[PDB]
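Next comes just one chain, in structure tokens: the form deposited in one PDB entry.
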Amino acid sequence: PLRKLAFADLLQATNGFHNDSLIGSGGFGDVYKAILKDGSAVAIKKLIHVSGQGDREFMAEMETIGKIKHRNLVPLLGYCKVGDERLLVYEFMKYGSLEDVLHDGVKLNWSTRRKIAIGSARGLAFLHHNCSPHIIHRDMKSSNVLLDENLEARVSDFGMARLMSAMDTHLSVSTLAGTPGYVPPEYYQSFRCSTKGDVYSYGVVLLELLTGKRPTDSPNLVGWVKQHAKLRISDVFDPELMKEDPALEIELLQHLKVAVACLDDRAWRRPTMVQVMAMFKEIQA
């Protein structure tokens, strides 16, 4: 069950929110590495700009990830709401964000990379299909995919998530949300979001697992791949991934076709995360 944590507990667990506990800041809020008085290894997110862009992000997580539990979603263990202070407590993911592992670190062979791809996809599919009302993440990133002790992918950061009824195809919102390099093209043309939007953002992450490069490189990534898709597809994959096995590229290309389908400019043409799961299943069979 979720747990209402005293503000004092979080205060002393992080040594007065000391800099030594700080493992991430900027944007939404600070993230601290901490150990609760019961011995739980946790991460604590201190939200800034409360009663506005901070209280909305707070509620968004409480109303979505705070109410559900899944093997491939970051667990929200607890929360704290006092005055204008808003904090969130998650279980600590040992290897941090996928972005941190992908750049700067440990080694990720393809067998574990595809398990990261399957898991994160399974997490999203759960949000889109097994949850009523449906949950739209709206900020799927490599930095918002955490890796636990087993290098299993766990989708994180529901600060900008929204609830959509199962009888609808899209949700009209107040603001444009997302991260540059991950934003679906149609999110620019309208104030409407959808699960298909999340699929696109997932595609970019799958590309990061395949190429190894940031989405921003290099003139962007999605565009450059689409162009080289008509050229030599062999000169696009991750160098360190080909050293493992050259006869595995047939599986890599099939995974790439999954990534490309997700990245279609047309939302209606994109596969659902259930289809993405089903494609992964038919690839290794």
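Take the two forms, find the largest set of C-alpha atoms that superpose within 1.5 Å, and that set is the rigid core. Heads up: residue numbers just count along the shown sequence, starting at 1.
Larger average C-alpha displacement in 4 other deposited structures of this protein, relative to the shown form after a rigid core fit, is seen for 21 to 29 when comparing 272 to 280 with 21 to 29. Farther from the shown form on average, by C-alpha root mean square after a core fit in 4 other deposited structures of this protein, is 105 to 113, of the stretches 197 to 205 and 105 to 113.
Figure legend: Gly66 is marked as modelled in all of the other comparable entries of the protein, none of which omit it, let alone a third.
Of the other compared PDB entries of this protein that include residues on both sides, all give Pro239 atoms, none of them, and so not a third, leaving it without. Unmodelled stretch separating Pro219 from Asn220: 4 to 9 residues (count of deposited-sequence residues without coordinates).
The deposited sequence places 4 to 9 unmodelled residues between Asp104 and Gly105.
The stretch with the higher mean CA B factor, choosing between 204 to 212 and 87 to 95, is 204 to 212. For the segment pair 119 to 127 and 167 to 175, the entry gives 167 to 175 the higher mean B-factor, averaged over Cα atoms.
The residue among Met59, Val236, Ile35, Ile44 whose C-alpha carries the highest B-factor in the deposited model is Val236.
Going by the entry's values, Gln189 shows the largest Cα B-factor out of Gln189, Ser194, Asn144, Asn72.
Remark: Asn15 belongs to the middle third of its chain, ranked by C-alpha B-factor as recorded. In the deposited entry, the Cα temperature factor of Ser156 sits in the bottom third of values across the chain's modelled residues.
Split the chain's modelled residues into thirds by C-alpha temperature factor. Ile250 is in the highest one.
In the PDB entry, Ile65 places in the lowest third of its chain by CA B-factor. Sorting the modelled residues of the chain by their CA temperature factor places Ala8 in the middle third.
Keep in mind that the form deposited with a partner chain bound is not shown, yet the notes after this line are about it.
Under a 4.5 angstroms non-hydrogen atom cutoff, its partner chain in the bound PDB entry has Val260 among its neighbouring residues.
By the criterion of a heavy atom within 4.5 Å, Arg266 is counted among the residues contacting its partner chain in the bound PDB entry. Heavy atoms of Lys230 reach within 4.5 Å of its partner chain in the bound PDB entry, making it an interface residue. With a 4.5 Å cutoff on heavy atoms, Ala34 does not count as touching its partner chain in the bound PDB entry; it lies far away. The three residues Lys226, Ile250 and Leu256 all sit with a heavy atom within 4.5 Å of its partner chain in the bound PDB entry. Residues within 4.5 angstroms of its partner chain in the bound PDB entry, judged by any non-hydrogen atom, belong to 230 to 238 and to none of the other stretches in 66 to 74, 22 to 30, 230 to 238, 35 to 43.
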